[PDB]
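Taking it in order: structure first as structure tokens, then the write-up.
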Amino acid sequence: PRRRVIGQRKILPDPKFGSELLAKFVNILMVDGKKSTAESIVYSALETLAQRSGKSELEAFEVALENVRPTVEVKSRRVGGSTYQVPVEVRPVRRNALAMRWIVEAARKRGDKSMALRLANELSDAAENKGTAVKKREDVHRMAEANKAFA
Amino acid sequence: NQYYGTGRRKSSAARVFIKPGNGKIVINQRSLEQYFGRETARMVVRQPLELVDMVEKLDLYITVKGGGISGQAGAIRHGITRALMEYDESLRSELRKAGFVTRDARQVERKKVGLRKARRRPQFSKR
Amino acid sequence: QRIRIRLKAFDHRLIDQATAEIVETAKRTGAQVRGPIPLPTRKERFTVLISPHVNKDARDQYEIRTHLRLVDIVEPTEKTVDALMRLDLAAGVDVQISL
Amino acid sequence: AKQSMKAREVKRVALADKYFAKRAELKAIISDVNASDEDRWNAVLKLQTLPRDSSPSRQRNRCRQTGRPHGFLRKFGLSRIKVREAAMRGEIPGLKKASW
Amino acid sequence: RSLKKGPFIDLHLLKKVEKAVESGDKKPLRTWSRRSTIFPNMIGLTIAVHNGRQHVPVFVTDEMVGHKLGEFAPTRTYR
Amino acid sequence: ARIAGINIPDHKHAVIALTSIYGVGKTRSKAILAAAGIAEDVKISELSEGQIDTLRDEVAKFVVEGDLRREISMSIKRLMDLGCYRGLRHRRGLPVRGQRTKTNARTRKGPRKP
RNA sequence: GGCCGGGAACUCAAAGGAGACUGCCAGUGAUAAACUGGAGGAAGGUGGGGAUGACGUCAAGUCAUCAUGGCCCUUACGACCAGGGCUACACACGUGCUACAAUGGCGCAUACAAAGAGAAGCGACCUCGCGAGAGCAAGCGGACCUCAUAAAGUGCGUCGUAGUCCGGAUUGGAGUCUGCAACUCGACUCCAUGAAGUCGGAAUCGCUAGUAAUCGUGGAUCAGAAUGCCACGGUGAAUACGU
């Protein structure tokens, strides 16, 4: 806005574990006001993912995210009649938001049988450094690097 | 002796009586697990007793009516907080700083003429 | 036996005046009365268009309210019934008496 | 409205009041089960000789002050325009502008 | 329409049909009654039905029974 | 498996599979299977010759396939020949149950013609 | 089983009252007006939502709600009556409803609302019909009777990516009800048939918190005929670095 200051909304932690990050993830996954379905899908995915790697769900989730967090990005500027890409730094909250959004978008486009299965597959592949999420990170970083002259 | 509290949320009202000893909760003549099938609702109802270390020292008799699931859970939490304050009168600081002593005054907005909902307008075309 | 009175009005000051009058007369003639109990109010709504031609927004919303009261007399006597039936009240209060 | 339309309305109401009971009897005959099965045919043939305007469903509500056939309210006997005029002048007991 | 009522017909039409059948030969019969079901005792006759401007002559056959009279005199002109 | 002159799937349940006949819906499928005495979630692959003969006998009681098609064609032809309102609509290709024709009507008119 | 005797404590109903004022604390500022923080409190700085529309602009809309200056017709541009039309159909545009599916379809069985209407009216229990409905009949001018069973949800099975157990246009046969009367031209039920469509070019709209999105419920006009209009609650987000 122009002359406004906006505070931060409180978010309740998850019931099974106690993390607000997982609550934000469930929120980003939900559609049409159906929170119970999203909670089911997330919990099933984390359960099926813990076995594959022999570590706690929180640790697996953190490992998956650390390979998709971005650092720099490009904005568009046009004051002289031409569009330039300008590289800017990202802050931690936006890092987390973008990581989760990309993960979910990549999962939705897969071709397995159930949403839980697709999510588990995507999380495992991300931990192994493969998939569309990591591809998106790399593309954004390439675009940021190609325009260092405009900083 | 009994300690009493009234609680409210969206469209729900809850009457909470608390007595001392051997923690057990009855709600509308059923158990907590029978009544609520949602982990979030259970956690909400259980919060204040977890916050103040008295989980296994008080029996709770509750009645509630109006609304849905989340509204009723919130009403119950509010009522428990009021009853505990009546019982002790020194946990007020902790309960307030946690955030259970405030009433949540969020209601449903009305429909208005010329709109499809409270804030949604029809589609607009220039030509 | 027992007597029941129901009163209706569009104006609550008028209804309270009438109720106080009835209670006073009843009590003064040596008969117990159970204080007036308020009952739910009725709200009726209307919506109209305010232009003689096309314009479809631009409406007006109106309301009418009806107030209701109920009074109980537990042990009527002949003099009490006579006193009640020989009373007159305002012209905007509707009174119904049941035995 | 025109002067002839209200005349039509008055005529309709009069006839519909005149012929009420006969129609009720004939319709009871036709509706009731275990009838002669020939009285039914005769009654059906007879119910169509009574004048058409005698059926209550040929009537149309109109405002009592002007005659408008659209925008009618039943509690007041008038159309929206005249309802608003009376309401602002103060001639409808209990009515006032509402908000909530 | 309901089966517990029987088919509908106009009294004047029914009387005209009775008279024509008993008296034998009949030139076409003029009618404005398009809401009358066709009865079996009508076959062999000519009914001229209104359609808005003129009267269309219909010569009754045995496959028409159960139909209304109006279905054989359309009301609109299209080309 | 052949039933009424056609082959019905073999990996489906009986209630779904039987509906491949032109004249058998879900209700008639349930009725036939109840009359024959077979379950409803049994695959057509695990039946026997006796069961299949029973099902053929059950299906024989209805009108199906060519006879049904002949009936429909004769019905429509009767009207088209008589020349009533419905018949004219049938033989011009415009809707018959009194719908709108200022717009829409595209299942009876086909795709647009500029 | 609030059933019964009871109680006036609690939910709740509807009349009188109290409360929020930059009133108190620290800092900045012209020894100002104000601004950024904190205490208590249900609520804090316009607490949230309504009604309330300045002098004027567009010879803007309405002589078909009503009233009125001037013009025009009076065996007719005024009366009455049955049939038809306003529902047409090579085509072009605006506003909506249902979908193109596994965050799903189908079968069983089990929680939790709010606000309304009713005498030429709302119609319980019982019996008959696969069903829309039919017969006989209590109660209610109503915090009492009736309309009236909320749905999404939760638990257990089946379907396994197919133009399908996704979608439900069109058409054939047989019926129910209102009404003198359902051809043109009504709503609803049963059996059958099972079209287009696999997320939509250039353009382009709504929304800042109990909001968007999604699920059900009621009323006015009304013999009968809402996917429109006006109202009610349940579940419940994402983002605002800046000009």
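Order of the sequence lines sets the chain letters (A, B, ...), proteins ahead of strands, with each chain counted from 1. Excluded from the calculations below are hydrogen atoms, water molecules and symmetry mates; all remaining heavy atoms, backbone and side chain alike, are included.
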For a quick check of understanding: with a heavy-atom distance under 4.0 Å over all strands, which category does C:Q61 fall into, base, sugar-phosphate or nothing? sugar-phosphate
Without hydrogens or angle criteria, can the side chains of B:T63 and B:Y61 be said to hold a donor-acceptor pair below 3.5 Å? no
Test: D:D53 and D:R58 ion pair at under 4.0 Å: yes
Under the salt bridge (charged side-chain N to carboxylate O under 4.0 Å, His left out) rule, collect the residues that match up with B:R9, sequence neighbours excluded. B:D104
Applying a 4.0 Å non-hydrogen cut-off, can you work out what E:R34 is touching in the nucleic acid: base, sugar-phosphate, or nothing? base
Sugar-phosphate or base contact per nucleotide [nucleotides 12-21 of chain G; S, B, -; heavy atom under 4.0 Å]: SSSSS-----
Restricting both atoms to N or O, compile the protein contacts to nucleotides 56-62 of chain G shorter than 3.5 Å, with distance only.
none

Using centres closer than 5.5 angstrom and planes tilted less than 30 degrees as the test, would you call G:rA109 and G:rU110 a stacked pair? yes
Within the 4.0 Å heavy-atom criterion, would you say A:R2 contacts the bases, only the backbone, or no part of the nucleic acid? base
Expressed as a whole number of angstroms, how long is the span from D:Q65:CD to G:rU65:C1'? 11 Å
Taking a pair as Watson-Crick (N1 to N3 plus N6-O4 or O6-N4) or G-U wobble (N1-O2 and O6-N3), both under 3.5 Å, which stems of 3 or more consecutive pairs involve RNA chain G? G:104-110 with G:153-159, G:116-118 with G:145-147, G:126-128 with G:133-135, G:171-177 with G:186-192, G:213-219 with G:229-235
What string of B, S and - do you get for nucleotides 103-114 of chain G, 5' to 3', when a contact is any protein heavy atom under 4.0 Å? BS------SSSS
Assign a letter to each nucleotide of nucleotides 185-202 of chain G from its 5' end: B, base within under 4.0 Å of a protein heavy atom; S, sugar-phosphate only; -, no contact. S-----SSS---------
I'd like to know if A:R9 reaches the base of G:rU239 with its side chain such that a donor and an acceptor end up less than 3.5 angstrom apart. yes
With heavy atoms under 4.0 Å as the rule, sort C:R65 into base, sugar-phosphate or nothing. nothing
With respect to the phosphate group of G:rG233, does any side-chain polar atom (N or O) of B:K111 fall under 4.0 Å of OP1 or OP2? no
Do both conditions hold for G:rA114 and G:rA115, namely six-membered ring centres separated by less than 5.5 Å and ring planes inclined at less than 30°? yes
Does C:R45 reach a base, just sugar-phosphate, or nothing at all? Heavy atoms under 4.0 Å. nothing
Distance in Å, D:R8 CZ paired with D:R62 CZ, rounded so as to fall on 0.5 Å steps: 8.5 Å
Does the side chain of C:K43 get closer than 4.0 angstrom to OP1 or OP2 of G:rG116 through an N or O atom? no
Would one find a side-chain N or O of A:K75 under 4.0 angstrom from OP1 or OP2 of G:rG242? no
Any salt bridge between F:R69 and F:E65, counting N to O under 4.0 Å? yes
Nearest to the side chain of B:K10 - G:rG234, G:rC91, G:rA213? G:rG234
